Each structure stands twice: as structure tokens, then as C-alpha cells.
Amino acid sequence: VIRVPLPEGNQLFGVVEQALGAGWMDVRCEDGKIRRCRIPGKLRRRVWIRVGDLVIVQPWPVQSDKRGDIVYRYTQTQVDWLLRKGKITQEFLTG
RNA sequence: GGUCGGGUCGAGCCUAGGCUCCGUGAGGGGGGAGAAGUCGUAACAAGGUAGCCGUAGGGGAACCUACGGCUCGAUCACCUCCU
Ligand SMILES: [Mg+2]
Ligand SMILES: [Mg+2]
């Protein structure tokens, strides 16, 4: 079929609003509470993330409010591919 | 031994008068770390206006300009002074 970063384990879907700075990313998920993603060191080299890139992250059971952590990105050949299956509704990106 | 009178040493207790210690503090100010946030290019080569020191004025910010000094300034010419 296809190998896509679905929610495996406890993953989250990160669609960011603004970069306050130094790696903090305010994310706007379907969950509601303002989460603030940060980044590991394996990908800070070869990839390039910005706004509008729906990507996958991972949250942390501490306070479940401001969490998230990048593990892998999405390429433009998947971001809109993930619409027809309805796995994610894009109206969590226009309001 | 008790009671009244007079002096003498007296800790505490109360008043107001100055000092400092002590945690909680509205609001303000700089310091140090994070370097996939934004604006520029000040320094190092003659860093593209040579850099730096004292004093005063100015500017989003590194910074700019006027007077007096230093070489820890590079290139061409002509002198000058010696080995
Ligand atoms: Mg310059
Ligand atoms: Mg200069």
C-alpha cells in the first residue's frame, strides 16, 4: 500500500502557526491546548521545516498542554495525498 | 517578729524619639545561558570611508560627525637621515 507517518503509538500531528524563536513552534492541532514543539538533533541537518507543512511530532505525558517533538516531516507528495482517505480534515488548517 | 516614717540599691513594665536586622513586593532596570525567530553588515586584507584613545552633540541598532593626539596603518613617487 503506502508507508506514511500515521499516528503510531502516541504520535501527534503538527501544523504550526509561528516560530517564537530558538526552535519553539506553536502548533495548532485538533486537540485545543497550545502545544510548543521542539526538535531533536538527527534532522536539524538534512531537512527544512516551515509553516503549512503538516508533519508528525510526539507529545509528552507531562501536563498534556504544551508538548510535541518532531521525529519526521512530510513531503508535498503526501501532505495533500492524506485528504482523500480523510485521515485528517484540512479544516483544522483554515479554522 | 508586725505596723508607720526617711534614705539607698534596684530587675521588670509603659510612654513617646532615633538606628539597623527580617520573609513576604505593586512597578522598573540591567546580567548570564538557548542559538532552523526578525532587521541590517560595525571589525579582521587599503574589509571596500585606515583603525583606536579623551570630550561634546546626534541616531531603529550595530554606529555617524567636529577639535586635539598615537601606529598596535597599506600602496606609488620625491626627499631627508644613517649603516
Ligand atoms: Mg564593512
Ligand atoms: Mg572601514
# chains A, B, ... in the order shown; residues from 1 in each chain; ligands from 1
$ residues_near_ligand --ligand "ligand 1" --cutoff "10 Å" --atoms "only C-alpha atoms (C1' of nucleotides) and all ligand atoms" --output "PyMOL selection string"
chain B and resi 41-43+47-49
$ residues_around --residues "range 36-49 of chain A" --least-positions-apart "4" --cutoff "7 Å" --atoms "only C-alpha atoms (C1' of nucleotides)" --output "list in words"
residues 23, 24, 25, 26, 27, 53, 66, 67, 68, 69 and 70 of chain A; 36 of chain B
$ interface_residues --of "chain A" --to "chain B" --cutoff "6 Å" --atoms "only C-alpha atoms (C1' of nucleotides)" --output "ChimeraX atom specification"
/A:19-21
$ write_last_selection --atoms "N, CA and C atoms" --output "compact mmCIF listing (two decimals), in the first residue's frame"
# COMPACT_ATOMS: atom_id res chain seq x y z
N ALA A 19 6.90 30.71 14.75
CA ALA A 19 8.17 30.36 15.38
C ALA A 19 8.58 31.53 16.27
N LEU A 20 8.28 31.42 17.57
CA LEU A 20 8.71 32.46 18.50
C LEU A 20 10.22 32.60 18.53
N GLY A 21 10.94 31.50 18.29
CA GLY A 21 12.38 31.58 18.20
C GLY A 21 13.12 30.46 18.90
$ atom_distance --atom1 "CA of residue 51 in chain A" --atom2 "CA of residue 4 in chain A"
19.9 Å
$ select_by_dssp --residues "chain A" --states "strand (DSSP E)" --output "list in words"
residues 12, 13, 14, 16, 17, 18, 19, 20, 21, 24, 25, 26, 27, 35, 36, 37, 55, 56, 57, 70, 71 and 72 of chain A
$ write_last_selection --atoms "C-alpha atoms" --output "PDB file, in the first residue's frame"
ATOM      1  CA  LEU A  12       0.662  13.888  17.215  1.00  0.00           C
ATOM      2  CA  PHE A  13       0.076  15.922  14.060  1.00  0.00           C
ATOM      3  CA  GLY A  14       1.950  19.204  13.999  1.00  0.00           C
ATOM      4  CA  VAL A  16       2.497  25.209  13.122  1.00  0.00           C
ATOM      5  CA  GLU A  17       1.404  28.834  13.437  1.00  0.00           C
ATOM      6  CA  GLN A  18       4.512  30.835  14.406  1.00  0.00           C
ATOM      7  CA  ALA A  19       8.168  30.358  15.381  1.00  0.00           C
ATOM      8  CA  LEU A  20       8.706  32.460  18.502  1.00  0.00           C
ATOM      9  CA  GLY A  21      12.382  31.581  18.203  1.00  0.00           C
ATOM     10  CA  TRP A  24       9.950  26.667  19.680  1.00  0.00           C
ATOM     11  CA  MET A  25       6.986  26.012  17.353  1.00  0.00           C
ATOM     12  CA  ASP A  26       3.464  26.905  18.432  1.00  0.00           C
ATOM     13  CA  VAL A  27       1.345  24.125  16.920  1.00  0.00           C
ATOM     14  CA  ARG A  35       1.403  22.986  22.324  1.00  0.00           C
ATOM     15  CA  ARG A  36       5.010  24.095  21.832  1.00  0.00           C
ATOM     16  CA  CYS A  37       7.123  21.673  19.811  1.00  0.00           C
ATOM     17  CA  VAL A  55       4.203  16.928   9.932  1.00  0.00           C
ATOM     18  CA  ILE A  56       4.330  14.344  12.695  1.00  0.00           C
ATOM     19  CA  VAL A  57       5.542  15.002  16.245  1.00  0.00           C
ATOM     20  CA  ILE A  70       9.472  16.410  15.756  1.00  0.00           C
ATOM     21  CA  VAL A  71      10.558  12.951  14.629  1.00  0.00           C
ATOM     22  CA  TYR A  72       9.789  13.100  10.892  1.00  0.00           C
TER      23      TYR A  72
END
$ atom_distance --atom1 "CA of residue 74 in chain A" --atom2 "CA of residue 50 in chain A"
11.0 Å
$ residues_around --residues "residue 61 in chain B" --least-positions-apart "2" --cutoff "10 Å" --atoms "only C-alpha atoms (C1' of nucleotides)" --output "PDB file with N, CA, C and O atoms (P, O5', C5', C4', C3', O3' and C1' of nucleotides), in the first residue's frame"
ATOM      1  P     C B  39      14.188  39.711   7.983  1.00  0.00           P
ATOM      2  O5'   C B  39      14.696  41.030   8.713  1.00  0.00           O
ATOM      3  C5'   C B  39      13.972  42.247   8.646  1.00  0.00           C
ATOM      4  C4'   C B  39      14.766  43.403   9.212  1.00  0.00           C
ATOM      5  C3'   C B  39      16.068  43.745   8.512  1.00  0.00           C
ATOM      6  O3'   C B  39      15.879  44.500   7.328  1.00  0.00           O
ATOM      7  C1'   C B  39      16.394  43.759  10.853  1.00  0.00           C
ATOM      8  P     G B  40      16.709  44.170   5.993  1.00  0.00           P
ATOM      9  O5'   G B  40      17.850  45.273   5.958  1.00  0.00           O
ATOM     10  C5'   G B  40      19.220  44.920   5.841  1.00  0.00           C
ATOM     11  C4'   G B  40      20.052  45.641   6.871  1.00  0.00           C
ATOM     12  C3'   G B  40      21.557  45.579   6.724  1.00  0.00           C
ATOM     13  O3'   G B  40      22.047  46.483   5.752  1.00  0.00           O
ATOM     14  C1'   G B  40      20.960  45.238   8.973  1.00  0.00           C
ATOM     15  P     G B  59      18.452  62.473  17.760  1.00  0.00           P
ATOM     16  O5'   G B  59      18.743  61.101  17.020  1.00  0.00           O
ATOM     17  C5'   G B  59      18.383  60.924  15.660  1.00  0.00           C
ATOM     18  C4'   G B  59      18.989  59.673  15.074  1.00  0.00           C
ATOM     19  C3'   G B  59      18.389  58.352  15.508  1.00  0.00           C
ATOM     20  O3'   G B  59      17.172  58.049  14.845  1.00  0.00           O
ATOM     21  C1'   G B  59      20.736  58.200  15.560  1.00  0.00           C
ATOM     22  P     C B  63      29.737  49.121  16.759  1.00  0.00           P
ATOM     23  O5'   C B  63      29.482  49.765  15.334  1.00  0.00           O
ATOM     24  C5'   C B  63      29.954  51.059  15.001  1.00  0.00           C
ATOM     25  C4'   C B  63      28.922  51.809  14.208  1.00  0.00           C
ATOM     26  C3'   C B  63      29.283  53.222  13.801  1.00  0.00           C
ATOM     27  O3'   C B  63      30.038  53.266  12.604  1.00  0.00           O
ATOM     28  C1'   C B  63      27.131  53.190  14.767  1.00  0.00           C
TER      29        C B  63
END
$ residues_around --residues "range 76-82 of chain A" --least-positions-apart "3" --cutoff "9 Å" --atoms "only C-alpha atoms (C1' of nucleotides)" --output "JSON, numbers by chain"
{"A": [4, 53, 54, 55, 85, 86, 87, 88, 89, 90]}
$ select_by_dssp --residues "chain A" --states "helix (DSSP H, G or I)" --output "PyMOL selection string"
chain A and resi 81-83+90-92
